[PDB]
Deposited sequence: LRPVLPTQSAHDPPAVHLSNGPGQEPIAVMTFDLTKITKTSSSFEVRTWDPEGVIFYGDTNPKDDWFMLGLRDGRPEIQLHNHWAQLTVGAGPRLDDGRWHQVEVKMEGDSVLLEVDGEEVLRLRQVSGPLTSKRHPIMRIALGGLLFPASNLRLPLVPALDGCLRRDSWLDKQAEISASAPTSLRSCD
């Protein structure tokens, strides 16, 4: 399976940004495998508005951390086992009703309830950035250093049929 580097050297910007049409979304889940020895960094960021409608999934002290900021909730939460053990880990992030669910290696490790209304409704465009944020780290509810020295593979983001475009500030590097 082709795996890409989650950061390009300095690691101050995402390695890729995908834009989606929310009205066209039929699938809200995202999944991928990640491998790393890095205990802190951004795995992926998502927003409909960088100002007041955003989400971040990363690692802090080796464990998953989600920061979320929207009309219904504002939170900084850590959960799950350490993932900075150099092994491949399966990760899934999905919407289940008004909740955001995080599954690690097939097991649910965190369910953030009552945090969102329907995506398609309410913010017609959603952006997903890998390995970086779309705003300064200092703007996070709880700052961390975004650079994540790890590998990503077998990734699936939301609904491909709803993807408007994809960019890369530079060029994706292989973990081979």
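Annotation: deposited residues 1 to 12, 135 are not represented by C-alpha coordinates in the model.
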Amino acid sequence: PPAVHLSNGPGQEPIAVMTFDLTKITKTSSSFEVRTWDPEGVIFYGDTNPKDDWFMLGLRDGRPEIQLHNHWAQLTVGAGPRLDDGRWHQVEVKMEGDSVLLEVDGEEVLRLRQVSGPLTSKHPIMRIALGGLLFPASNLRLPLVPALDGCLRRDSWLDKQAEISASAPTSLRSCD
From here on, numbers count along this sequence of modelled residues.
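In this text, rigid core is short for the largest set of C-alphas that superpose within 1.5 Å between two forms.
Take 152 to 160 and 5 to 13, fit the other structures onto the shown form by the rigid core, and average the C-alpha distances in 6 other deposited structures of this protein: the farther stretch is 5 to 13. Displacement analysis by core superposition in 6 other deposited structures of this protein ranks 164 to 172 above the other of 164 to 172 and 14 to 22 in root-mean-square C-alpha distance from the shown form.
For the cut-off of one third of the other compared entries, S121 qualifies: that many or more give it no coordinates while modelling its flanks.
Averaged over their C-alpha atoms, the temperature factors of 29 to 37 and 108 to 116 are higher for 29 to 37. On average the C-alpha atoms of 19 to 27 have higher B-factors than those of the other stretch, with 150 to 158 and 19 to 27 being the two compared. When all modelled residues of the chain are sorted by CA temperature factor, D47 is found within the middle third.
In this PDB entry, the Cα temperature factor of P124 sits in the top third of its chain's modelled residues, the highest group.
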